[PDB]
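Protein chains in written order, with PDB author numbering: chain G, 206 to 256; chain E, 5 to 205; chain c, 1 to 113, 131 to 193, 212 to 276; chain H, 1 to 113, 133 to 193, 212 to 276.
Note that beta-carbon positions come from the ideal geometry of N, C-alpha and C, so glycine has one too.
Notes to accompany the following structure.
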Amino acid sequence: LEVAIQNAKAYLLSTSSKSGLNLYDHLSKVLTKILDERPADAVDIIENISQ
Amino acid sequence: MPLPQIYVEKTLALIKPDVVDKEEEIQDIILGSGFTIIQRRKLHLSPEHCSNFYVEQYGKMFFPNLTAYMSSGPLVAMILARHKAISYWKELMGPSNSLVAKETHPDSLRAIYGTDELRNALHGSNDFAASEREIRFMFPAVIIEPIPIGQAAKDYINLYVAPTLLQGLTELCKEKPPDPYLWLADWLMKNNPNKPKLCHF
Amino acid sequence: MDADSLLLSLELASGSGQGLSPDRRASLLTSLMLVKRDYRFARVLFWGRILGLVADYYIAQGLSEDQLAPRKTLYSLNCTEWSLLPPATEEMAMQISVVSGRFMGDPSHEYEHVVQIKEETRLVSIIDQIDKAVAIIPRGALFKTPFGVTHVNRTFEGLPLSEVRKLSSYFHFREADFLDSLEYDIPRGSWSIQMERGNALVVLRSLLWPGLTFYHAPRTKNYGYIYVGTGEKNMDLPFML
Amino acid sequence: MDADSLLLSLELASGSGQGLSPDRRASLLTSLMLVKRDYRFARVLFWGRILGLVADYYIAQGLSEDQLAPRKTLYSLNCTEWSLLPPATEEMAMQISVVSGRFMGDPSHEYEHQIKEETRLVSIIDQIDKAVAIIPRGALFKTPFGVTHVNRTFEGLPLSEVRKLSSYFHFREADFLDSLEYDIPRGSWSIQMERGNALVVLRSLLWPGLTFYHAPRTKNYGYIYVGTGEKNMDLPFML
């Protein structure tokens, strides 16, 4: 539903005081580093790009 | 289907055992046209595995020569995703009967890499349900869209799984063993409706 | 050829057979560490050696963090003392259109155009032509930021074995996907792709500027190139192709 | 060490100097290509050399998909005919403790202290692999499937934590492995560097003859043991 879409977007938009960034922009930057043409084995390195 | 979701359709590209040694050039063709490689499997198609894969065609049409042909060598299977993947794959692939397709569609894949009907260049899925069946049979546990949300999956469990689950949970109550995951797993591997009983020695 | 992996790169084993002595090798490790010290470079690659007629012209390039600027290249004669070359432009590189052949030794040799043409300016402009036309980059080594600053890919794997033989999996190391592909090449077929030691090495030997050698293995991290040759452009190439 | 480091001739550049020959470099390249062909190993490493009296032992090891699996080590004398060594048990480990003497060669040799030469080779191989095998920090990634894989985004070890000694693990069953700071006795590793900061040299002193190269900025690592084939218990007298 669209109400669940808005609730989950508000949940992803919530920031953390211990890091200063939220989950949405963190996953957006992770997807930015993913979507350049890496060979298709990024499943093991999706953590290491997040660090 | 709706606005905030998307439909990335899939199709199966089959590389016949006559043309598996020339795989890099046709791979250049299919990657350069726009089709993407999801996962490539190098599989030896057994004669007893080709019939269950081809219940749609071989189960009603008498053709054992192609069944012997799929076991004559290696077979490469790949999943493709593209905008209008079925239509563009049919346009690039062309129609069958490659003796006629050498004269009607000279830029097709079967005109160059094919010889005849039974010794075909490739094989492609026609319908979306046929594509889903082909992908579900050849490939491992991957997710094919649409996810059947709502009452579609509940009917699937309630007429495919949950009778057996009800008969399993009925005997699991009396008596009550500790750690009942052992009892449920042994009941499902033992009292299987789709798998026969096994007795090791 | 990177300065930190000069001994870790198969130079003589690349198949071109124009490599270095142990004297020149140890001189490059010490002297490229020196030009990494006094010239503030992010990383220094050994570009190659021009054979010349009476002496050898050892050429090395250094790069900043921007990774797409024109290179502050360096030259040496005895392969020990290196000094900066002047930056190149199109009007200065036009000046040697009336002369041809090999160039020898000291930079103070005057060439006849009569305007006296220095050896040094011909050398650095020829270095600019070999950098612009050939010495390709591999695919996946240069990823793109939204800004103009390009970083070298630390997560570069980056070439599968099915894409080794293809022309389109190599771009020109030149500011202009990211860069111009190798299928935009004149003439068609001006690169020799060659399989040495099986899948453990590939060479993209340039035929427009021989003997340029591009240095793989796949599954690596080298990602290198080297030009050792006579120095002039192969205008004879479409006849022999 | 892999065959890639056999191409660069990095055993001599580590500084141990017992080294390898282009004879044996080409022989290990072609024959370890054969070992990767016949036995379906994920990676095949030239383990090293055991010093002989009538013939020279050449040892290589193969690994499965799990990087901490028990390896199928192999031996060869003429550097082409690789043959599979049996796995080692503890019963063969305490059997060879009564034999003190140099490795001879000719693997059907018999010790009167019977005891076969191949059993001594296999137990010595398991002793060196359990003691002084070396894996740096972040080279191996513990997957949640239960197996160990090579970390392919392994950035090499920075120069600050090369000399701690808390940045090198063991290539066996236990940052999920046991470090080098708990080795008995302490200071039993020759901490060294090559020319510049281009390569880090670690030499075992509980077994004199293993050398570990490590380039601090690239993904280059591996251990080669070429040496006597003996565990010196004289090491506390040395330090």
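Can you tell me the Cβ-Cβ gap for residue 176/E and residue 187/E, rounded? I've got them flagged as a contact below 8 Å.
6 Å
Helix or strand or just coil, what does DSSP make of residue 15/E?
Looking at residue 15/E - three-state DSSP - the assignment turns out to be strand.
7 Å CB neighbourhood of residue 46/E in its chain, flanking five on each side removed:
The answer, listed in chain order, is 78 and 80.
How about residue 250/G: is its C-beta nearer than 9 Å to some C-beta of chain H?
yes
Buried or exposed (CB count within 10 angstroms, at least 16 for buried), residue 79/c:
buried
Host beta strand (DSSP E) of residue 126/E (start-end):
126-128
For residue 180/H, collect the residues of the same chain with a Cβ closer than 6 Å to its Cβ; drop the 5 residues on either side in sequence, then sort them by chain order.
186
So what does residue 98/H bridge to, in DSSP terms?
Per DSSP, none; premise fails for residue 98/H.
Can you name, in chain order, every residue of its own chain whose Cβ lies under 7 Å from the Cβ of residue 37/E, other than the five neighbours on each side?
96
Would you call the stretch 31-43 of chain c and the stretch 60-77 of chain c in contact, with 3 or more CB pairs under 8 Å?
Contact annotation: the stretch 31-43 of chain c touches the stretch 60-77 of chain c, with at least three C-beta pairs closer than 8 Å.
Does the distance from the CB of residue 15/E to the CB of residue 89/E come in under 9 Å?
yes
Determine whether the beta carbon atoms of residue 126/E and residue 114/E lie at a separation below 9 Å.
Yes, the pair counts as a contact, with Cβ atoms nearer than the cut-off.
For residue 84/H, which beta-bridge partners are listed by DSSP?
Residue pairing by DSSP places residue 84/H opposite 74/H in a beta bridge.
Helix, strand or coil for residue 218/G, going by three-state DSSP, please let me know.
coil
What residues in the stretch 226-242 of chain G have a beta carbon less than 7 Å from any beta carbon of chain c?
241 and 242
Candidates 147/c, 168/c and 188/c: which alpha carbon is nearest residue 263/c's?
The option with the nearest alpha carbon to residue 263/c is 147/c.
Buried versus exposed, by CB contacts within 10 Å (16 or more), residue 138/E
buried
Considering only their Cβ atoms, is the gap separating residue 190/H from residue 144/H smaller than 9 Å?
No, the Cβ-Cβ distance between residue 144/H and residue 190/H is not below 9 Å.
When 137/c, 55/c, 238/c and 113/c are compared against residue 83/c, the one with the closest alpha-carbon:
It is 137/c.
When burial is assigned at 16 or more other CB atoms within 10 Å of the CB, is residue 11/H buried or exposed?
Burial is judged here by how many other beta carbons sit within 10 angstroms of a residue's own beta carbon; residue 11/H has at least 16 and is buried.
Taking the beta carbon of residue 67/H as the centre, do at least 16 other beta carbons fall within 10 Å, making it buried, or is it exposed?
buried
Of the residues 184/c, 141/c, 50/c and 97/c, which one's Cα is nearest the Cα of residue 132/c?
Distance from the Cα of residue 132/c is smallest, within the candidate group 184/c, 141/c, 50/c and 97/c, for 97/c.
Cα separation between residue 155/E and residue 128/E?
31 Å
Residue interval of the alpha helix (DSSP H) (run including residue 136/E):
132-142
Tell me the DSSP bridge mates of residue 155/H?
187/H
So, are the CB atoms of residue 52/c and residue 102/c less than 9 Å apart?
yes
Please classify residue 231/G: does DSSP put it in a helix, a strand, or coil?
helix
According to DSSP, what are the bridge partners of residue 57/c?
50/c
I think residue 243/c touches residue 225/c, with their Cβ atoms under 8 Å apart; what is that distance to the nearest whole Å?
5 Å
The stretch 147-161 of chain c: positions lying closer than 8 Å to chain G by Cβ
156, 157, 160 and 161
For the stretch 168-187 of chain H, enumerate the residues whose C-beta is nearer than 9 Å to any C-beta of chain G, in chain order.
Here the close residues are 168, 170, 171 and 172.
Flag residue 239/c as yes if its beta-carbon sits less than 9 Å from any beta-carbon of chain H, otherwise no.
no
I need the straight-line Cα distance from residue 55/c to residue 33/E, nearest angstrom please.
49 Å
Taking Cβ-Cβ distances shorter than 7 Å, what residues in chain c pair up with residue 32/E?
Correct list: 183.
As a quick exercise: from 150/c, 44/c, 18/c and 71/c, pick the residue whose alpha carbon is nearest that of residue 219/c.
150/c
Mind listing the chain c neighbours of residue 224/H? Cutoff is C-beta to C-beta under 8 Å, in chain order.
Here the premise fails: no neighbours, minimum Cβ distance about 30 Å.
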